[PDB]
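S.K.: I am attaching a structure below and will ask some questions about it afterwards.
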Amino acid sequence: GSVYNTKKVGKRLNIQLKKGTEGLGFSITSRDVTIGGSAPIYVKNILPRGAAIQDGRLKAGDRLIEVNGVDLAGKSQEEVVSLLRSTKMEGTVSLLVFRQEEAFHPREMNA
């Protein structure tokens, strides 16, 4: 048998993080967000200490899609920022992110 994990294309990863001293240890950013929907949330920063960085699968620039199975990628940026800031306290937080390798490149010049 053989296994080939696709190191290319966008896939979703679910990372479970337990709150420690830094809590989660990450922050979220939003880009091009007028309201939300087509413009989502990406991880803004992975702090040197914290659950997020210890796991390593969650990195800065990965797109936050859902949490615990609850779809929120169609929610406004304000809603999702509130979700993360609210910070649930069960123990582990399972967040599902979208990791994507963009096969497009910036243009040399635009006339």
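By order in the structure tokens, chains are A, B, ...; within a chain, residues start at 1; ligands start at 1, following the order shown.
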May I have a table of the residues of segment 8-40 of chain A lying at most 12 Å from segment 86-92 of chain A, giving each one's closest pair of atoms and their distance in Å to one decimal, counting only C-alpha atoms, ordered by chain and ascending residue number, as CSV?
M.R.:
residue,atom,partner,partner_atom,distance
A:14,CA,A:92,CA,11.7
A:15,CA,A:92,CA,9.3
A:16,CA,A:92,CA,5.7
A:17,CA,A:92,CA,4.9
A:18,CA,A:92,CA,4.1
A:19,CA,A:91,CA,6.4
A:20,CA,A:91,CA,9.3
A:23,CA,A:87,CA,8.9
A:24,CA,A:87,CA,8.8
A:25,CA,A:87,CA,11.7
A:26,CA,A:87,CA,11.6
A:27,CA,A:87,CA,11.5
S.K.: Please identify the alpha helix (DSSP H) residues within chain A (assignment by DSSP from backbone atoms) and present them as a short mmCIF file (atom, residue, chain, number, x, y, z; two decimals) with N, CA and C atoms, in the first residue's frame.
M.R.:
data_model
loop_
_atom_site.label_atom_id
_atom_site.label_comp_id
_atom_site.auth_asym_id
_atom_site.auth_seq_id
_atom_site.Cartn_x
_atom_site.Cartn_y
_atom_site.Cartn_z
N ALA A 51 -1.14 27.04 22.98
CA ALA A 51 -1.59 25.77 22.45
C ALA A 51 -1.44 25.71 20.93
N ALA A 52 -1.85 26.78 20.26
CA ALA A 52 -1.82 26.85 18.79
C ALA A 52 -0.44 26.57 18.23
N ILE A 53 0.57 27.18 18.82
CA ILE A 53 1.90 27.02 18.32
C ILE A 53 2.46 25.63 18.68
N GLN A 54 2.04 25.10 19.83
CA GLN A 54 2.48 23.78 20.27
C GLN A 54 1.95 22.69 19.36
N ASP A 55 0.75 22.89 18.84
CA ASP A 55 0.18 21.93 17.92
C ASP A 55 0.91 22.01 16.59
N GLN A 77 -17.60 39.11 9.80
CA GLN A 77 -16.31 39.10 10.48
C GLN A 77 -16.48 39.47 11.95
N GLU A 78 -17.45 40.31 12.22
CA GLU A 78 -17.72 40.75 13.57
C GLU A 78 -18.17 39.57 14.44
N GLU A 79 -18.99 38.70 13.85
CA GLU A 79 -19.52 37.53 14.54
C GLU A 79 -18.41 36.60 14.93
N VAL A 80 -17.55 36.33 13.98
CA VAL A 80 -16.46 35.41 14.18
C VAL A 80 -15.37 35.97 15.08
N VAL A 81 -15.13 37.28 15.00
CA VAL A 81 -14.18 37.89 15.91
C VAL A 81 -14.70 37.78 17.34
N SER A 82 -16.01 37.92 17.49
CA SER A 82 -16.65 37.80 18.77
C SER A 82 -16.50 36.36 19.29
N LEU A 83 -16.65 35.40 18.39
CA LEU A 83 -16.53 33.98 18.73
C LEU A 83 -15.18 33.67 19.36
N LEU A 84 -14.11 34.09 18.71
CA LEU A 84 -12.78 33.89 19.22
C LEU A 84 -12.53 34.67 20.50
N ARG A 85 -12.96 35.92 20.54
CA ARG A 85 -12.79 36.77 21.73
C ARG A 85 -13.58 36.27 22.93
N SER A 86 -14.71 35.64 22.66
CA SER A 86 -15.58 35.12 23.68
C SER A 86 -14.84 34.03 24.43
#
S.K.: If you count only C-alpha atoms, which residues fall within 7 Å of segment 37-46 of chain A, apart from same-chain ones fewer than 5 positions away, as a VMD selection string?
M.R.: chain A and resid 25 to 32 52 to 53 59 to 64 73 to 77
S.K.: From a DSSP pass on the backbone, collect the residues of chain A flagged as strand (DSSP E or B) and hand them back as a PyMOL selection string.
M.R.: chain A and resi 11-18+26-30+41-46+63-67+70-71+92-99
S.K.: Write the residues you've just listed into a file as a PDB file, in the first residue's frame, and include C-alpha atoms for each of them.
M.R.:
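Final file, part_15.pdb:
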ATOM      1  CA  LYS A  11      -7.872  21.225   2.543  1.00  0.00           C
ATOM      2  CA  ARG A  12      -9.412  21.665   5.936  1.00  0.00           C
ATOM      3  CA  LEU A  13      -7.731  20.812   9.179  1.00  0.00           C
ATOM      4  CA  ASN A  14      -9.282  20.572  12.596  1.00  0.00           C
ATOM      5  CA  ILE A  15      -6.977  21.574  15.375  1.00  0.00           C
ATOM      6  CA  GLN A  16      -7.842  20.952  19.015  1.00  0.00           C
ATOM      7  CA  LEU A  17      -6.314  23.374  21.453  1.00  0.00           C
ATOM      8  CA  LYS A  18      -6.468  23.462  25.211  1.00  0.00           C
ATOM      9  CA  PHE A  26      -3.280  32.914  18.472  1.00  0.00           C
ATOM     10  CA  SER A  27      -5.130  35.819  17.027  1.00  0.00           C
ATOM     11  CA  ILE A  28      -7.342  36.257  13.948  1.00  0.00           C
ATOM     12  CA  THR A  29      -7.311  38.862  11.198  1.00  0.00           C
ATOM     13  CA  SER A  30      -9.728  39.765   8.495  1.00  0.00           C
ATOM     14  CA  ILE A  41     -10.983  35.437   8.830  1.00  0.00           C
ATOM     15  CA  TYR A  42      -7.378  34.227   8.756  1.00  0.00           C
ATOM     16  CA  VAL A  43      -5.069  33.614  11.661  1.00  0.00           C
ATOM     17  CA  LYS A  44      -3.254  36.893  12.305  1.00  0.00           C
ATOM     18  CA  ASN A  45      -0.555  35.690  14.630  1.00  0.00           C
ATOM     19  CA  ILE A  46       0.682  32.519  16.244  1.00  0.00           C
ATOM     20  CA  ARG A  63      -8.361  30.546   7.236  1.00  0.00           C
ATOM     21  CA  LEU A  64     -10.719  29.963  10.104  1.00  0.00           C
ATOM     22  CA  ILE A  65     -13.740  28.067   8.743  1.00  0.00           C
ATOM     23  CA  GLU A  66     -15.612  26.645  11.683  1.00  0.00           C
ATOM     24  CA  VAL A  67     -15.438  25.655  15.283  1.00  0.00           C
ATOM     25  CA  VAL A  70     -20.576  24.794  13.596  1.00  0.00           C
ATOM     26  CA  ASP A  71     -20.243  26.470  10.230  1.00  0.00           C
ATOM     27  CA  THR A  92     -10.067  21.907  24.159  1.00  0.00           C
ATOM     28  CA  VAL A  93     -11.380  23.977  21.357  1.00  0.00           C
ATOM     29  CA  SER A  94     -11.626  22.243  18.074  1.00  0.00           C
ATOM     30  CA  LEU A  95     -11.225  24.699  15.248  1.00  0.00           C
ATOM     31  CA  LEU A  96     -11.437  23.869  11.648  1.00  0.00           C
ATOM     32  CA  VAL A  97      -9.289  25.901   9.322  1.00  0.00           C
ATOM     33  CA  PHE A  98      -8.654  25.890   5.637  1.00  0.00           C
ATOM     34  CA  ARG A  99      -5.083  25.583   4.553  1.00  0.00           C
TER      35      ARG A  99
END
S.K.: So how many Å separate atom CA of residue 7 of chain A and atom CA of residue 58 of chain A, to one decimal?
M.R.: 15.6 Å
